[PDB]
Amino acid sequence: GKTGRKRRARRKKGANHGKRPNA
Amino acid sequence: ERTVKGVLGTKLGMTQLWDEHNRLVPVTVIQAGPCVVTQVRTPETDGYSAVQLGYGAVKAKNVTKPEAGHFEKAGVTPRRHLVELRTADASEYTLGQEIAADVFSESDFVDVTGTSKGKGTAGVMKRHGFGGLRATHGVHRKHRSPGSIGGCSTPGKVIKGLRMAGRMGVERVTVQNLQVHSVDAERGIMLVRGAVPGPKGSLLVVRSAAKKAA
Amino acid sequence: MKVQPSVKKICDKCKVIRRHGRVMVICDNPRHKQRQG
Amino acid sequence: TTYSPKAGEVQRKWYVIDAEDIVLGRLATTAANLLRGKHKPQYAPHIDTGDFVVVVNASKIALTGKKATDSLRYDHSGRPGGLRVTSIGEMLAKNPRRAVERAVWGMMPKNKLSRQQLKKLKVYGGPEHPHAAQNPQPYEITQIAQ
Amino acid sequence: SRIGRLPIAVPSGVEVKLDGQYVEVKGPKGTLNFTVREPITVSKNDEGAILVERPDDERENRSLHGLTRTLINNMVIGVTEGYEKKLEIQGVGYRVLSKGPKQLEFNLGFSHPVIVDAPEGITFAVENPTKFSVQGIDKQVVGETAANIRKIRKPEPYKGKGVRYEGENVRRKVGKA
RNA sequence: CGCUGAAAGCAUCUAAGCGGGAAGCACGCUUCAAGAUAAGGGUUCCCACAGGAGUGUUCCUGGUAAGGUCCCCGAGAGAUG
RNA sequence: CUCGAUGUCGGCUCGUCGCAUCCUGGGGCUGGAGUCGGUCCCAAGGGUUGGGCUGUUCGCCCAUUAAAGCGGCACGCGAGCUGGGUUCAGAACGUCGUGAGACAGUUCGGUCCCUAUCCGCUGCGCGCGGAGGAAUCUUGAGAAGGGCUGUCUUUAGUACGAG
RNA sequence: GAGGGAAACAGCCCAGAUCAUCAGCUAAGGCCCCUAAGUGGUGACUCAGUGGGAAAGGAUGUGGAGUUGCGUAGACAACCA
Ligand SMILES: [Mg+2]
Ligand SMILES: [Mg+2]
Ligand SMILES: [Mg+2]
Ligand SMILES: [Mg+2]
Ligand SMILES: [Mg+2]
Ligand SMILES: [Mg+2]
Ligand SMILES: [Mg+2]
Ligand SMILES: [Mg+2]
Ligand SMILES: [Mg+2]
Ligand SMILES: [Mg+2]
Ligand SMILES: [Mg+2]
Ligand SMILES: [Mg+2]
Ligand SMILES: [Mg+2]
Ligand SMILES: [Mg+2]
Ligand SMILES: [Mg+2]
Ligand SMILES: [Mg+2]
Ligand SMILES: [Mg+2]
Ligand SMILES: [Mg+2]
Ligand SMILES: [Mg+2]
Ligand SMILES: [Mg+2]
Ligand SMILES: [Mg+2]
Ligand SMILES: [Mg+2]
Ligand SMILES: [Mg+2]
Ligand SMILES: [Mg+2]
Ligand SMILES: [Mg+2]
Ligand SMILES: [Mg+2]
Ligand SMILES: [Mg+2]
Ligand SMILES: [Mg+2]
Ligand SMILES: [Mg+2]
Ligand SMILES: [Mg+2]
Ligand SMILES: [Mg+2]
Ligand SMILES: [Mg+2]
Ligand SMILES: [Mg+2]
Ligand SMILES: [Mg+2]
């Protein structure tokens with residue numbers, strides 16, 4: 001799903017270091 | 001940008017005629033009375049080309065000082081109504097010029113503009129042609145209801161422009177491509193084949209047909 | 001014209017070009033016309 | 001106590017920028033800075049200390065790449081199917097003032113004061129402006145080294 | 001740009017004015033004008049020829065080099081000799097006639113005859129009811145006019161009927177074998 | 001679908017450029033519209049009142065002009081406005 | 001996530017959106033003689049019927065039509081309607097159980113309500129402002145509506161085709 | 001488990017709030033404007049708004065580094081037998 005894909009891809013932001021709650 | 005001929009009149013009513021093919025034609029009778037050019041609008045001073053026409057019989061005690069001064073500058077007697085005609089040939093019009101129904105010939109197509117008859121607050125079934133509910137089969141106090149007016153939690157709202165009840169009538173309506181049946185200028189009568197908006201006695205603007213003809 | 005993600009030369013006279021950002025195959029034989037899409 | 005301007009204490013001036021062949025982004029950033037008065041040591045966010053900006057030749061604003069036909073601007077009337085879209089090139093050709101105001105407003109904070117200050121931006125697509133009485137001084141977009 | 005690096009020989013009676021980026025070409029047949037793209041310059045090479053120079057050996061430099069060389073050569077060869085294109089019509093009932101050098105009338109099996117106007121630099125010349133030609137001083141304009149005349153009724157792959165180029169290799173098949 | 005045309009001595013609808021090309025896009029037609037607080041424009045009318053405080057006059061009271069409303073008779077209008 | 005309640009099928013009414021286009025518009029390739037077709041692109045402006053059967057969705061059928069599109073919106077829409085289906089207490093049949101009873105087996109019968117506070121939306125006023133107070137006529141930033149299509153005649157029995 | 005960063009965003013990153021301070025230095029993250037600080041310096045690459053979502057597969061996109069065949073015994077194209 002689009003929402004799931006965006007949620008998973010949000011972990012690629014700079015301040016996060018490849019990790020994010022709920023992937 | 002378009003060159004338009006025009007005149008002002010009053011809706012006197014309707015009757016019927018028989019044309020040369022022995023066809024019954026409904027005709028509206030418009031007292032396309034004498035109109036006077038009260039003001040000419042030019043791009044230099046106003047920014048667009050149009051001609052302001054007068055028309056109307058007015059009582060001398062019902063014309064105020066600003067209106068009286070406007071008519072005095074125009075050089076004409078005061079008129080009740082003032083309506084503009086957006087024409088690209090406004091210049092050819094001189095201040096105080098006389099305009100009569102004979103500006104239209106026996107077979108010109110015209111567009112007639114007037115304010116429609118009012119109906120007050122109308123229901124959906126009348127002002128929008130809504131099919132209501134049935135009269136029987138358990139319909140519960142909603143025989144003339146508008147039905148649903150939206151969806152659900154999405155969009156949890158009523159979309160803008162939904163047709164619901166409101167006040168209908170009294171609005172600018174233009175009916176196009178009406179073929180003038182006859183013009184008798186010596187008494188200012190115009191017979192126009194068709195039905196034009198507004199009650200009897202309303203003001204009508206008769207202009208040359210924008211789309212020329214059918 | 002065939003619109004396919006995979007466009008290839010079919011005959012020896014077909015020519016592969018890049019027109020307006022799209023890969024196309026132009027040939028004298030009209031059957032071989034192709035465009036990526 | 002830190003200094004704070006008092007209403008009409010800071011005197012607001014009039015600048016004029018010739019948008020001739022100047023990138024829209026640089027023009028908008030410069031206009032926003034001038035309108036908010038960020039170049040003044042008397043700056044204060046809560047009091048309008050900026051200057052009036054008159055932009056001329058907005059129809060000749062430079063755009064890079066394929067922006068003139070691929071960079072789109074959208075408006076919505078608030079009703080279903082009420083979207084209109086026009087490219088920035090068409091908008092610069094037709095209503096350049098709208099384009100420049102949109103850019104500057106987007107770059108300016110979202111405030112009641114910012115709404116008030118955006119009225120100080122006078123954008124004209126041609127080379128002539130009617131504010132000779134206000135006597136705008138020419139402003140040159142420059143950079144400070146290092 | 002192997003094409004571009006070759007020079008352009010100005011012929012007799014041809015006036016080539018290189019006013020910087022903008023260039024005028026006068027000749028017996030008429031006048032043409034053209035602006036070269038900015039990273040390309042043009043020189044006279046002892047006033048008897050034309051040279052175009054790419055300032056760098058990149059792609060756009062070489063591409064505009066070849067383009068400008070070919071296009072300047074085209075304008076000079078046009079003003080010294082012109083441009084000619086021969087169009088022939090096949091199929092019964094198809095005819096072409098001339099109401100002047102710049103006015104053609106086609107009966108290409110349509111309901112009614114069709115009228116073709118020419119631009120100022122385009123002049124027609126018909127010699128046969130089934131063969132005609134177009135001439136001018138601009139190669140691009142002549143080519144597009146011929147293309148439009150063909151587009152009026154392009155050849156078919158059944159009986160060739162249609163306006164075709166003189167050397168056009170029109171394809172053909174058979175339906176009701 | 002094209003024209004001219006290189007990069008790539010050719011070719012190529014394309015890289016420079018130009019032309020055609022749909023009930024779609026934007027207009028054309030109709031209607032609303034300056035609360036468009038950016039509050040527009042034309043034309044016309046009325047006019048430098050009076051009395052106080054005053055602190056550049058400021059501002060607050062009072063009678064008017066042009067004009068308008070209330071009230072009354074109505075409808076071509078209208079739930080009431 | 002909600003069990004100190006987020007009412008669950010189909011129709012009615014009212015729409016709106018997507019395009020993965022049913023018709024109408026345009027174009028390639030085939031083709032295809034023509035006439036037609038079929039397929040890969042474009043394209044969502046408008047239009048997209050009435051009935052028989054069944055609670056039905058679905059589906060089949062009748063008669064049309066340019067066509068009878070596919071989907072989203074709490075399988076749109078019950079503080080809008082419908083209660084035929086579903087899922088209460090009655091009863092019967094079949095099956096199961098020693099029995100009380102059970103059955104996404106079947107059958108007949110079978111209660112709901114709401115004066116709209118807020119947002120939303122359709123209309124209509126009052127106020128204040130528009131740097132004097134007024135009267136009239138206006139510009140249009142911007143907004144909305146509208147956008148369907150057939151048959152016949154003619155070109156012409158012309159083009160095409162062996163007919 | 002407040003504070004800073006992640007647009008917002010218990011679980012990610014920085015960092016553990018004794019109170020006051022209109023002092024200074026930093027962390028993560030940042031320095032065109034929103035938004036505090038560089039429209040920083042120098043050298044390359046990209047022209048897809050890639051950057052600012054995705055596969056098998058496909059493609060004379062473009063820069064750079066090889067290996068190798070042929071080539072002024074005259075190569076590859078273009079043009080005459
Ligand atoms: Mg999926
Ligand atoms: Mg009924
Ligand atoms: Mg009842
Ligand atoms: Mg809500
Ligand atoms: Mg070619
Ligand atoms: Mg070609
Ligand atoms: Mg509760
Ligand atoms: Mg599509
Ligand atoms: Mg539809
Ligand atoms: Mg649309
Ligand atoms: Mg079924
Ligand atoms: Mg639907
Ligand atoms: Mg449902
Ligand atoms: Mg509900
Ligand atoms: Mg029941
Ligand atoms: Mg129930
Ligand atoms: Mg029995
Ligand atoms: Mg038993
Ligand atoms: Mg029952
Ligand atoms: Mg109610
Ligand atoms: Mg408008
Ligand atoms: Mg608005
Ligand atoms: Mg802890
Ligand atoms: Mg924390
Ligand atoms: Mg945070
Ligand atoms: Mg935060
Ligand atoms: Mg520091
Ligand atoms: Mg750091
Ligand atoms: Mg903020
Ligand atoms: Mg720099
Ligand atoms: Mg930099
Ligand atoms: Mg892309
Ligand atoms: Mg992207
Ligand atoms: Mg990828």
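Chain letters run A, B, ... following the sequence lines, proteins first, then strands; residues in each count from 1. The figures here come from the full heavy-atom set of this structure, side chains too, leaving out hydrogens, waters and symmetry mates.
Residues D/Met108 and D/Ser114 have side chains in contact (heavy-atom distance under 4.5 Å, counting atoms from C-beta outward). Looking at heavy atoms from C-beta onward, B/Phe71 lies in side-chain contact with B/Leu82 at the 4.5 angstrom threshold. Taking 4.5 Å as the limit, some side-chain heavy atom of B/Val27 sits within range of a side-chain heavy atom of B/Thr15. With contacts defined as side-chain heavy-atom distances shorter than 4.5 Å, the pair B/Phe104/B/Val192 does not qualify. In this structure, the side chains of D/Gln137 and D/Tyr139 stay at 4.5 Å or more apart for every pair of heavy atoms. Using a 4.5 Å heavy-atom threshold, the side chains of D/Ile61 and D/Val100 count as touching. Put simply, the side chain of B/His70 reaches to within 4.5 Å of the side chain of B/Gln39, judged on heavy atoms. Using a 4.5 Å heavy-atom threshold, the side chains of D/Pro136 and D/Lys122 count as separate.
Using the six-membered ring where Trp is involved, B/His128 and B/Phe130 have ring planes that are tilted, between 30° and 60° apart.
Under the 3.5 Å distance criterion, the side-chain polar atoms of B/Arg79 are matched with a main-chain donor or acceptor of B/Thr77. A distance-only check finds a donor-acceptor pair linking the side chain of B/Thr28 to the backbone of B/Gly194 [under 3.5 Å]. Side-chain atoms of B/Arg86 never come within 3.5 Å of backbone atoms of B/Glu1 as a donor-acceptor pair (strictly under, hydrogens ignored). For B/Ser49 (side chain) and B/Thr87 (main-chain N/O), no donor-acceptor pair under 3.5 Å exists by modelled atom type. A donor-acceptor pair under 3.5 Å links the side-chain atoms of B/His143 to the main chain of B/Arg134, judged by distance alone. With B/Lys59 contributing its side chain and B/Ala57 its backbone, the two residues share no donor-acceptor pair below 3.5 Å. Listed for the D/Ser87 side chain is a donor-acceptor partner under 3.5 Å among the backbone atoms of D/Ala68. Between the side chain of D/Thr30 and the backbone N or O of D/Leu27 there is no donor-acceptor pair closer than 3.5 Å. No donor-acceptor pair closer than 3.5 Å links the side chain of D/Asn95 to the backbone N or O of D/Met91. Using modelled atom types, one side-chain atom of D/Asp18 and one backbone atom of D/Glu20 make a donor-acceptor pair closer than 3.5 Å.
Of all non-hydrogen atoms in B/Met190 and B/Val183, the two that sit nearest each other are CG-CG2, 3.9 Å. Here the closest non-hydrogen pair linking D/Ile88 and D/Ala99 is CD1-CB, 3.6 Å. Across all non-hydrogen atoms, the minimal contact from B/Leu95 to B/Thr38 is CD1-O, 3.3 Å. Scanning both residues, E/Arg95 and E/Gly93, for their nearest heavy atoms gives NH1-O, 3.5 Å. The shortest non-hydrogen separation linking B/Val40 to B/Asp46 is O-OD2, 4.0 Å. Shown here for E/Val134 and E/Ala146, the closest heavy-atom pair between the two residues is CG1-CB, 4.5 Å.
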Would B/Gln97 and B/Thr94 count as a side chain to side chain donor-acceptor pair (under 3.5 Å) here? Give the steps.
CA-CA 5 Å; B/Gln97 179 197 352; B/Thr94 186; over 6 Å; no
Assess whether side-chain contact (heavy atoms from CB on, under 4.5 Å) is satisfied between E/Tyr94 and E/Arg153, documenting all intermediate values. CA-CA 10 Å; E/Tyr94 294 168; E/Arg153 184 149 279 257; 3.1 Å; yes
Working for side-chain contact (heavy atoms from CB on, under 4.5 Å), residues D/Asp75 and D/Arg98 = CA-CA 12 Å; D/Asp75 291 331; D/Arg98 176 83 182 124; 4.0 Å; yes
- Item | Stepwise side-chain contact (heavy atoms from CB on, under 4.5 Å) check, D/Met107 with D/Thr29 | CA-CA 7 Å; D/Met107 289 186 208; D/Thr29 45; 3.4 Å; yes
Exercise. Check the pair B/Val37, B/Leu53 against side-chain contact (heavy atoms from CB on, under 4.5 Å), reporting the backbone distance first and the verdict last.
Key: CA-CA 5 Å; B/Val37 175; B/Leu53 314 178; 4.0 Å; yes
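Under a cut-off of 6.0 angstrom, the local environment of NZ in D/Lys112 is sparse, with at most 12 non-hydrogen atoms contributed by other residues, nucleotides or ligands. Atom CD of B/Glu186 is surrounded by more than 12 heavy atoms from other residues, nucleotides or ligands within 6.0 Å. Atom CZ of B/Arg2 sits in a crowded spot, with more than 12 heavy atoms from other residues, nucleotides or ligands closer than 6.0 Å. Around atom NZ of D/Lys60, no more than 12 heavy atoms belonging to other residues, nucleotides or ligands sit under 6.0 Å away.
With sequence neighbours excluded, the residues forming a side-chain contact (heavy atoms from CB on, under 4.5 Å) with B/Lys126 are B/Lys119, B/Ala122, B/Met168, listed by chain and number. The salt bridge (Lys or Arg N to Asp or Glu O under 4.0 Å) check on B/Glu84 picks up B/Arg41, with sequence neighbours excluded. With sequence neighbours excluded, the residues forming a salt bridge (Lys or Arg N to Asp or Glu O under 4.0 Å) with D/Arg12 are D/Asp48, listed by chain and number.
Atom CD1 of B/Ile149 sits about 6.0 Å away from atom CE of B/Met164, to the nearest 0.5 Å. Rounding to the nearest 0.5 angstrom, the gap separating the CG atom in D/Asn111 from the CD atom in D/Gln117 is 8.5 Å. Between the CG atom in D/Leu34 and the OH atom in D/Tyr15 there is a gap of 7.0 Å [rounded to 0.5 Å]. With values rounded to the nearest 0.5 angstrom, D/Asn57 atom CG is found 13.5 Å from D/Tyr124 atom OH. Here the CH2 atom belonging to D/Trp105 is positioned 4.0 Å from the CZ atom belonging to D/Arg115, to the nearest 0.5 angstrom. The line from CZ of D/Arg26 to CD1 of D/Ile22 is 10.5 Å long, rounded to the nearest 0.5 Å.
Cation-pi contact between D/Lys120 and D/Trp14: absent, since separation from the ring centre below 6.0 Å together with deviation from the ring axis within 45° is not met.
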Solution key, residues 196-214 of chain B side-chain donor-acceptor pairs under 3.5 Å, sequence neighbours excluded:
unit_1, atom_1, unit_2, atom_2, d
B/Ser202, OG, B/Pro199, O, 3.0
B/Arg207, NH1, B/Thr113, OG1, 3.4
B/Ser208, OG, B/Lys5, N, 3.4
B/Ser208, OG, B/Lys5, O, 3.4

I'd like a table of donor-acceptor pairs (distance under 3.5 Å, sequence neighbours excluded) in which one partner is a side-chain atom from residues 105-124 of chain E, with atom names and distances.
unit_1, atom_1, unit_2, atom_2, d
E/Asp117, OD1, E/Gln103, NE2, 2.2
E/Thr123, OG1, E/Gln135, NE2, 3.1

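For residues 89-114 of chain B, there are no salt bridge (charged side-chain N to carboxylate O under 4.0 Å, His left out) pairs, not counting sequence neighbours.
A donor-acceptor contact under 3.5 angstrom links the side chains of B/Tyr55 and B/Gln31, judged on distance only.
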